[PDB]
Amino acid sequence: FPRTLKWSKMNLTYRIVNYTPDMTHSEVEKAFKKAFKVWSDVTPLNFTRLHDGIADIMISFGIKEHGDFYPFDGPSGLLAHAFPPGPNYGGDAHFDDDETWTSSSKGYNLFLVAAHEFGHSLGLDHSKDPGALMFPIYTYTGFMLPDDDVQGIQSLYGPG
């Protein structure tokens, strides 16, 4: 307790509030869209992007103290966090812009980190399977959602 939790609805919205200097707008948008599709492809979840106003999953880049009780720490250490399902900060995902975000093998691959963090946004906890997306340690192995993660998200939301 309290490891997992699910949204009471499956039509979810998201908003990209701001953009990292590290990547182009298009690269950031592609990364987040692909990261949501990881989860919608195997469940009844569907994700719609909003360009303004409140969305369920608010996405932002920030440094140090950025508006919650979970400050970032400069280069290294923490790279991102996401709140469990619920109102207000619930579901929101924050990325530490004192890290280097990429669409490549350098730095942290934004797609891979976002896909993991959106798992947390949807109520998943970590896996003990080193091959799982939800494993606690970041690696870059070169995308198909591993079966451990498929089982985890389908146990909350059912299959697609």
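So that the term is clear: the rigid core is the largest set of C-alpha atoms that superpose within 1.5 Å between two forms. The numbering used is simple: start at 1 and walk along the sequence shown.
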Quiz item: Core-superposed in 7 other deposited structures of this protein, which stretch deviates more in Cα positions, 124-132 or 31-39?
Solution: 124-132
Practice problem: Give, as the answer, the stretch of 65-73 and 52-60 that departs more from the shown form in 7 other deposited structures of this protein; the measure is RMS Cα distance after a core fit. | Solution: 65-73
Quiz prompt | Residue gap status of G142, at least a third of other entries | solution = yes
Exercise. Count up the deposited residues without coordinates from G142 to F143 and drop the result into none, 1 to 3, 4 to 9, or 10 or more.
Key: 1 to 3
Quiz item: Is the mean CA B factor in the deposited entry higher across 50-58 or across 91-99?
Solution: 50-58
Practice problem: Mind pulling up the entry and telling me whether 59-67 or 124-132 has the higher mean Cα temperature factor? | Solution: 124-132
Quiz item: In terms of the chain's CA B-factor thirds, is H25 lowest, middle or highest?
Solution: middle
Quiz prompt | Ranked C-alpha temperature factor of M10 among modelled chain residues, by third | solution = highest
Self-check item: Third assignment of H116 from its chain's C-alpha B-factors
Solution: lowest
